[PDB]
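# sharing an experimental structure here, sequence included.
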Amino acid sequence: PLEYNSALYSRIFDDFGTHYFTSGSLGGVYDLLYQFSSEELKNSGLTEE
Amino acid sequence: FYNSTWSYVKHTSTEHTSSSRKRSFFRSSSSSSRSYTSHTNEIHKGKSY
């Protein structure tokens, strides 16, 4: 609308957001977390009586 | 994962031996042997992945 109607403008930012890129970089993100946990017990017992 | 393993052996033996010779113009021999064995083996395993 020509007259200010907050709702119908707000729709604009809903649909297209508030800003555009004047410049930027494109590429890819490789993000890895690996976490290994290990635990061993051994028991040996011998009696002669 | 956990992998759990128990192994038990109990070996027991008990023995008795007796001899008794007597002479009094009557002659005698007396003898007793008693042997006991109790043997227990247990193996227990739990494996979860």
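Now that the structure is in, tell me what you want to look at. Numbering: from 1, shown residues only, chains lettered A, B, ... in the order given.

# tell me if residue A:11 really is in a strand.
No. If the criterion is DSSP: H, G, I helix; E, B strand; the rest coil, then residue A:11 is helix and not within a strand.

# that one: neighbour count?
By the criterion of other CB atoms under 10 Å in any protein chain shown, residue A:11 has 11 neighbours. For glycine as for every other residue, the C-beta is placed from the backbone atoms N, C-alpha and C.

# any idea how far it is from residue A:2?
In this view, residue A:11 and residue A:2 are 15 Å apart by CB to CB, to the nearest Å.

# which of the helices or strands spans the spatially most central residue of chain A?
In chain A, the centroid-proximal residue (CA atoms, centre = their mean) is residue A:31; its distance is 9.6 Å. Counting by DSSP states H and E, there is no helix or strand that carries residue A:31.

# name the residues that touch the helix or strand where residue B:11 lies?
Counting by DSSP H and E, the element that carries residue B:11 is strand B:2-23. Under the criterion CB atoms under 8 Å, 6 or more residues apart in numbering or on different chains, residues B:28-48 lie in contact with strand B:2-23.

# helices and strands around the following helix or strand past it, which ones?
Once strand B:2-23 ends, the next helix or strand along the chain (criterion: DSSP H and E) is strand B:27-48. Using 3 or more CB pairs under 8 Å, 6 or more residues apart in numbering or on different chains; DSSP states H and E as the contact test, the elements touching strand B:27-48 are strand B:2-23.

# please tell me how far residue B:17 sits from residue B:48.
From residue B:17 across to residue B:48, the span is 52 Å (CB to CB).
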